[PDB]
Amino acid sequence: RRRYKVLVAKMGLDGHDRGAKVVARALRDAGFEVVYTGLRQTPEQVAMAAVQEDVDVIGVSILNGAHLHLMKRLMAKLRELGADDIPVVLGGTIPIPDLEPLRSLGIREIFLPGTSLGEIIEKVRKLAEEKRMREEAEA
C-alpha cells in the first residue's frame, strides 16, 4: 500500500542500457517506490520479481533483442502466476511494424526514444492508479 510501486527491468541483449537507470531515478524523484537491480533478467525472473514485490506497474527496457518473443514470454508467465492485471510498459527502439503486435499482447504503452521522461511518469502514474482501483474494487 502507500506509494505506487514500479518494477523497472532490463531484458534482451547484454549491452549498455543507459535509459533504464535514468527512468528508475526519474520515477523515484517523482515519488514512486522503485525496484531496479540494474541487471539483465529473463522474462520469468521479471514476472516472478513483479509478483514477489507485488508491484503496481512493470516497466521493461529492451535496448535490443527480439521484443515480441520476450514480451510474449513475460506476458505468459504473468498470466500463469495470476498476475495478468499488472500493467506492463515497454521502452526501447521498437520497429514500427512491431508496435501493434506488442500492444496486442496487452502491453499498455511503448516508450520510444522520443518519449519524454515527463510522459513516462504520467503514464506510469495513470496505470498504477488504475491498477489499485481495479484491485481495491474487488470484494
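Numbers for residues come from their place in the sequence shown, where the first is 1.
(request) Determine, for stretches 11-19 and 112-120, which one has the higher mean CA B-factor as deposited. (result) Stretch with the higher mean C-alpha B-factor: 11-19.
(request) Mind pulling up the entry and telling me whether 64-72 or 29-37 has the higher mean Cα temperature factor? (result) According to the PDB entry, the answer is 64-72.
(message) Highest Cα temperature factor in the entry, among the options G92, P101, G106, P43: which one is it?
(response) Among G92, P101, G106, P43, the highest C-alpha B-factor in the entry belongs to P43.
(message) Quick check on the deposited entry: does the C-alpha B-factor of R1 sit in the lowest, middle or highest third of its chain?
(response) Highest third of the chain for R1's C-alpha B-factor.
(message) Quick check on the deposited entry: does the C-alpha B-factor of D54 sit in the lowest, middle or highest third of its chain?
(response) For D54, the deposited C-alpha B-factor lands in the middle third.
(request) For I86, return the chain-relative third of its C-alpha B-factor as stated in the PDB record: lowest, middle or highest. (result) Its C-alpha B-factor, which the entry lists for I86, ranks in the middle third among residues of this chain.
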